[PDB]
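**Student:** Build me a model:
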Amino acid sequence: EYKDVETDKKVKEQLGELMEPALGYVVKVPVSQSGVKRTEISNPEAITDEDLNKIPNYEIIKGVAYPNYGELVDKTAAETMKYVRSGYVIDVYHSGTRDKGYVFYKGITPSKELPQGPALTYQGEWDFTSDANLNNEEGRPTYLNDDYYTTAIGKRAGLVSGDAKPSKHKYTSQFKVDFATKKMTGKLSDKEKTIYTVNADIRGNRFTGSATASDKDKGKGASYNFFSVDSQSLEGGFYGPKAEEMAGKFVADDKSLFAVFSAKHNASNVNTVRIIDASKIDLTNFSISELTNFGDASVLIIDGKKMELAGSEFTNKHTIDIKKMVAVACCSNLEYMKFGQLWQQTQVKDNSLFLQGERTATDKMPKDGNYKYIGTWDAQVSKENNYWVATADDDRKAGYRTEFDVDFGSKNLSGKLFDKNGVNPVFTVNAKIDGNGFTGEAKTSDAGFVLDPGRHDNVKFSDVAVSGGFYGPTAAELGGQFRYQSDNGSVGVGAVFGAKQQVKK
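**Tutor:** Residues are numbered from 1 along each chain as shown. Take a look:
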């Protein structure tokens, strides 16, 4: 009597290769090898590491500096920042053709909640490395000892901001983010001079846009301008639970400069709306853990390495080697959310459930209406050493079904979760809708849930935290999860679910 609501398919945007989101990025500072006149900025390497205090490739540059009697010096903005890092690690006694160091930025905890209210100002600093260029036609200066600690400026080795003298150069960053219009602007400055102005749009917890040179004239000699080229590849993201901080990068279009930045805001009472759901219920510890997501539910990221969840059937197994990592995703009729199981093959190690979703815009939420939602779910109930397991399918008749009664009018949500060939639901969900997400309670039947008959030992409870959310442009997709344990843990339950909006007949 019900069928799925016809919705617009996920508008796909084939991003440029230098726009792919990541926890961080690191660029080796170019050094012209013997005979080479100019060395472009190489492609930025992505940071998968999740340790903030860990400077990327520090052990490589150290392995070059030490046997060459060089001393390292690093600026990472650690004292000021909490969730982000940016700056450089360079060899200060650099000479010849060996490595000079790396310019980088990284962050932990990509934001899942974004500030809601007044436009915020993020203040911080920015660093850079330039093209290496020997060519006299270019006219890169030497002997500016009032300005830079290095006698040559970006000739054989690229000019790093750490070569600049504090008495003449302080590189500061300022950004004014308007989360409402999803727009961002800012200035990269040196002392009082504006060097770059930036424009960026917000997508998920990342931002993409451009950098603009304030001084287009390149000049020559001691009047040489390392910052005369624009950039059409400014990418970065927000970090911290509520977008407390931000960090990013951009490459000059001619690859003559690579810049990074990081900045934090100073707002004291920030109201936030949630934008991303990406959790990981464990099936041994029944703990809920946070997964690294950048605003795309169809991509599950484990240890920095990405895994696309899109398949051909209703549920699709995917395998990624990083030790063998396996995941069964769902569902094909869902586009702004995914869920399923996730384990490590070696016999299953770290059996887990996961759910990811792109929250509906908090203002796009239907304020009135009564709708039906039909879906499915994956779960694992366990008392002692015997188990019961639910597995997502497309059998709307007698499979592992989920039904939902959503009333946007009264902000009420009731749910039914079924076992295969189950007449009456195993779990019942009653929730209250708040914004774009819902919270409520999950109870077994008022008799208990019996795993399997012999002898009888059942799992029975009420009042279990049911956190959920609506996903997509028109909230036509919902999903949530719940979990609990006693005798931590003789009894344990983990479950994740999803459902699509229905139209009658």
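**Student:** Going by C-alpha atoms from here, please, whenever you check contacts or count neighbours.
**Tutor:** OK.
**Student:** Using CSV, list the CA coordinates for stretch 304-314.
**Tutor:** What follows is stretch 304-314, C-alpha atoms only, in CSV (Å, rounded to 0.1, in the frame of the first residue of the first chain):
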residue,chain,number,x,y,z
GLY,A,304,42.5,8.1,6.6
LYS,A,305,42.0,5.7,3.7
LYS,A,306,38.7,6.2,1.9
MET,A,307,36.1,3.5,0.9
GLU,A,308,33.2,4.2,-1.4
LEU,A,309,29.9,2.6,-0.2
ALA,A,310,28.0,2.9,-3.5
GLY,A,311,27.2,-0.5,-5.0
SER,A,312,24.7,-2.2,-7.3
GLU,A,313,22.4,-4.2,-5.0
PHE,A,314,20.4,-3.2,-1.9
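**Student:** mind listing what's buried in that stretch?
**Tutor:** If you call a residue buried by 16 or more other C-alpha atoms under 10 Å, then stretch 304-314 has these buried ones: 304, 307, 309-310.
**Student:** Residues contacting it, please?
**Tutor:** 22-23, 47-49, 298-301, 316, 318, 320, 322, 329-333, 338, 393-394 (C-alpha atoms under 8 Å, 6 or more residues apart in numbering).
**Student:** Give the phi and psi angles for the residue nearest in space to the middle of the chain, as a check.
**Tutor:** When C-alpha atoms, centre = their mean is applied to the chain, the residue found nearest the centroid is residue 294 (3.0 Å). Here is the backbone geometry of residue 294 (degrees, to the nearest 10): phi -120, psi 20.
**Student:** Surely it and residue 109 touch.
**Tutor:** No. Residue 294 is not in contact with residue 109 according to C-alpha atoms under 8 Å; the separation is 10.0 Å.
**Student:** hang on, the earlier thing: buried among the contacts of stretch 304-314? Need that as a selection in PyMOL.
**Tutor:** Those of the contacts of stretch 304-314 that count as buried under 16+ other C-alpha under 10 Å are selected in PyMOL with:
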select buried, resi 22+23+47+48+49+298+299+300+316+318+329+330+331+332+333+338+393+394
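**Student:** ok, residue 152 - how many residues close by?
**Tutor:** By the criterion of other C-alpha atoms under 10 Å, residue 152 has 18 neighbours.
**Student:** what does residue 464 give?
**Tutor:** With other C-alpha under 10 Å as criterion, residue 464 counts 16.
**Student:** Just list the residues touching it, thanks.
**Tutor:** So residue 464 contacts 440-443, 482-484 (C-alpha under 8 Å, 6+ apart).
**Student:** ok, so of the buried residues of stretch 304-314, who is nearest residue 277?
**Tutor:** Nearest to residue 277, judged by C-alpha to C-alpha, of the buried residues of stretch 304-314 is residue 309 at 15.7 Å.
**Student:** and the gap between the residue lying closest to the closest one once chain neighbours are set aside and residue 331?
**Tutor:** Computed as C-alpha to C-alpha, 6 or more residues apart in numbering, the closest residue to residue 309 that is not its neighbour in sequence is residue 298, at 5.2 Å. Look at residue 298 and residue 331: by C-alpha to C-alpha, to the nearest Å, they are 10 Å apart.
**Student:** shared neighbours, the two?
**Tutor:** With C-alpha under 8 Å, 6+ apart, residue 298 and residue 331 have common neighbours residue 338.
**Student:** check contacts around residue 414.
**Tutor:** Residue 414 touches 404-406, 428-431, counting by C-alpha under 8 Å, 6+ apart.
**Student:** Are any of the residues you listed buried, and if so which?
**Tutor:** Buried by 16+ other C-alpha under 10 Å: 404-406, 428-431, out of the contacts of residue 414.
**Student:** Break down the protein into its helices, ranges please.
**Tutor:** According to DSSP state H, the chain carries its helices in the segments 58-65.
**Student:** quick one: buried residues of stretch 422-441?
**Tutor:** Those would be 425-433, 435-441, for stretch 422-441 by 16+ other C-alpha under 10 Å.
**Student:** quick revisit: and the furthest pair within the buried ones among the contacts of residue 414?
**Tutor:** Farthest pair in these (C-alpha to C-alpha) is 406 and 428. Separation: 13.9 Å.
**Student:** Is it possible to mark the buried ones in the contacts of residue 464?
**Tutor:** 440-443, 482-484.
**Student:** Include distance to residue 234 when you put those into CSV, please.
**Tutor:** Below are the buried ones among the contacts of residue 464 laid out as CSV (distance: C-alpha to C-alpha, whole Å):
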residue, distance to residue 234
440, 41
441, 44
442, 45
443, 48
482, 39
483, 40
484, 43
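**Student:** and which of these is nearest to residue 415?
**Tutor:** Taking those together and measuring to residue 415 by C-alpha to C-alpha, the closest member is residue 442, at 8.7 Å.
**Student:** hang on, the earlier thing: out of the buried ones among the contacts of residue 414, which one sits closest to residue 172?
**Tutor:** Taking C-alpha to C-alpha as the measure, residue 431 is the one of these closest to residue 172, at 47.3 Å.
**Student:** Tell me how far the closest one lies from residue 476.
**Tutor:** Residue 431 is 17 Å from residue 476, where distance means C-alpha to C-alpha.
**Student:** Next, the contact list for the residue nearest to the centre of the chain, please.
**Tutor:** Residue 294 neighbours (C-alpha under 8 Å, 6+ apart): 21, 110, 204-206.
**Student:** Provide the partner residues of the closest residue to residue 267 other than its chain neighbours in its beta bridges.
**Tutor:** Using C-alpha to C-alpha, 6+ apart and skipping the chain neighbours, the partner closest in space to residue 267 is residue 120 (7.4 Å). On the basis of DSSP bridges, residue 120 is bridged to residue 177.
**Student:** State the number of residues packed around residue 120.
**Tutor:** 20.
**Student:** List the contacts of it.
**Tutor:** 176-178, 265, 267.
**Student:** for residue 412, same thing?
**Tutor:** By C-alpha under 8 Å, 6+ apart, the contact list for residue 412 reads 406, 430-433.
**Student:** so of the residues you listed, which ones are in strands?
**Tutor:** Counting by DSSP state E, those place 406, 430-433 in strands.
**Student:** related to what we said a few turns ago, rebuild the contacts of residue 120 as JSON lines, extending it with distance to residue 492.
**Tutor:** JSON lines is the format used below for the contacts of residue 120 (distance: C-alpha to C-alpha, whole Å):
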{"residue": "176", "distance to residue 492": "46"}
{"residue": "177", "distance to residue 492": "43"}
{"residue": "178", "distance to residue 492": "43"}
{"residue": "265", "distance to residue 492": "41"}
{"residue": "267", "distance to residue 492": "41"}
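**Student:** out of those residues, who has the most neighbours?
**Tutor:** Most surrounded of the contacts of residue 120: other C-alpha under 10 Å gives residue 177, at 22 neighbours.
**Student:** I'd say that residue and residue 118 touch.
**Tutor:** No. Applying C-alpha under 8 Å, one finds residue 177 not in contact with residue 118, separated by 9.1 Å.
**Student:** and which of the contacts of residue 294 is nearest residue 154?
**Tutor:** residue 21 (28.9 Å).
**Student:** my guess is that closest one meets residue 206, correct?
**Tutor:** Yes. Here residue 21 reaches residue 206: they are 7.0 Å apart, a contact under C-alpha under 8 Å.
**Student:** which one of those two has more residues nearby?
**Tutor:** residue 206 (24 against 21).
**Student:** Enumerate the beta-bridge partners assigned to the more buried one.
**Tutor:** With DSSP bridges as the rule, residue 206 is bridged to residue 203, residue 237.
**Student:** OK, contacts around it?
**Tutor:** 21, 235-238, 294-295.
**Student:** let's see 10 Å
**Tutor:** 19-22, 110-111, 200, 235-239, 246-248, 294-295 (C-alpha atoms under 10 Å, 6 or more residues apart in numbering).
**Student:** Whichever of those end up buried, select them in ChimeraX.
**Tutor:** To isolate the buried members of the contacts of residue 206 in ChimeraX, using 16+ other C-alpha under 10 Å:
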select :19,21,22,110,111,200,235,236,237,238,239,246,247,248,294,295
